[PDB]
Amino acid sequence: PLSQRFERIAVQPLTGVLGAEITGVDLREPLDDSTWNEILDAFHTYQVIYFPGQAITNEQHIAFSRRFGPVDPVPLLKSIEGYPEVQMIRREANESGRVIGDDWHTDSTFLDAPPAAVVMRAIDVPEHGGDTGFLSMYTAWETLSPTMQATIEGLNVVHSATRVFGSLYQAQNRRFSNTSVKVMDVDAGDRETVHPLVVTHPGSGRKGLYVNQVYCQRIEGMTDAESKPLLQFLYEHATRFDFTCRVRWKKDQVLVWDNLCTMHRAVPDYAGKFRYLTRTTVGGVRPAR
């Protein structure tokens, strides 16, 4: 049982698939080795973990994030004054632009080495509205038939940011506001990189599906017509409701998600209400089979 396996923290799973609430620890302070190792174990098992009631400073947020790996801010988001490492998911009450992250994805997979994790901190969130969905790409992979696994396990996939800040974004109407999003070079938006469709997580050693509808363009080697259906099936499969969990925010909730083996999604159900979280990004290494 969790109560006896964990001696320094308390772990309460959110679903039978992923997600867990962690209590019994003070993120204002340096973590001792035994406490950190339990958090890291829970992180690898539950893939998204969150800590209610952690009223921390920007420096403490950064220090906690550093336990997971080096900081490596994502390219698109603005930072707060004085802290380049601390980026903003901020939406003013009156804004009407596109909501950041409102499609299932994982972050910045157009990079040669996308983030390994993100540590998000709620600053000011609505009493209701603005939950975040998560899902497990371990589960998505593990629930494919043996025949479908054999069929796709050796494929590679082309990623780019073209629909977020490259040529395709610039040729359409739904735009982000300047509250949290920077102006970007279109050529950087169009730059392609190739990642495996199935990857091995370096911490857990487990295989997971690695495709997302925001940044994936096509299966490498295939035409668009050939790719379109396999990719669309995999998006529908991965985002099956029974592979998900739903996290509700409260002020001072600190959450870590695994940027390799989960996906996540914003929920734009709080029009007219201010919502502000900060986040630090933990750098990763090239996705690999």
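We number the residues from 1 along the sequence you see.
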{"query": "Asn94 not built in a third or more of the other entries", "finding": "no"}
{"query": "Flanks modelled, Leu209 absent in at least a third of other entries", "finding": "no"}
{"query": "5 to 13 versus 270 to 278 - greater average Cα B-factor per the deposited record", "finding": "5 to 13"}
{"query": "Between 230 to 238 and 28 to 36 (mean CA B-factor, as deposited), the higher", "finding": "28 to 36"}
{"query": "Largest Cα B-factor, entry values, listed residues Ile123, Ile219, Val164, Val118", "finding": "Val164"}
{"query": "Residue, from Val181, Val157, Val199, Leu111, that the PDB entry assigns the highest Cα B-factor", "finding": "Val181"}
{"query": "Relative C-alpha B-factor of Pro84, binned into the chain's lowest, middle or highest third", "finding": "highest"}
{"query": "Assigned third (lowest, middle, highest) for the C-alpha B factor of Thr244", "finding": "lowest"}
{"query": "Third of the chain's Cα B-factor distribution that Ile56 belongs to, per the entry", "finding": "middle"}
{"query": "CA B-factor placement of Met263, once the chain's modelled residues are sorted into thirds", "finding": "lowest"}
{"query": "Chain thirds of CA B-factor: placement of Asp131", "finding": "lowest"}
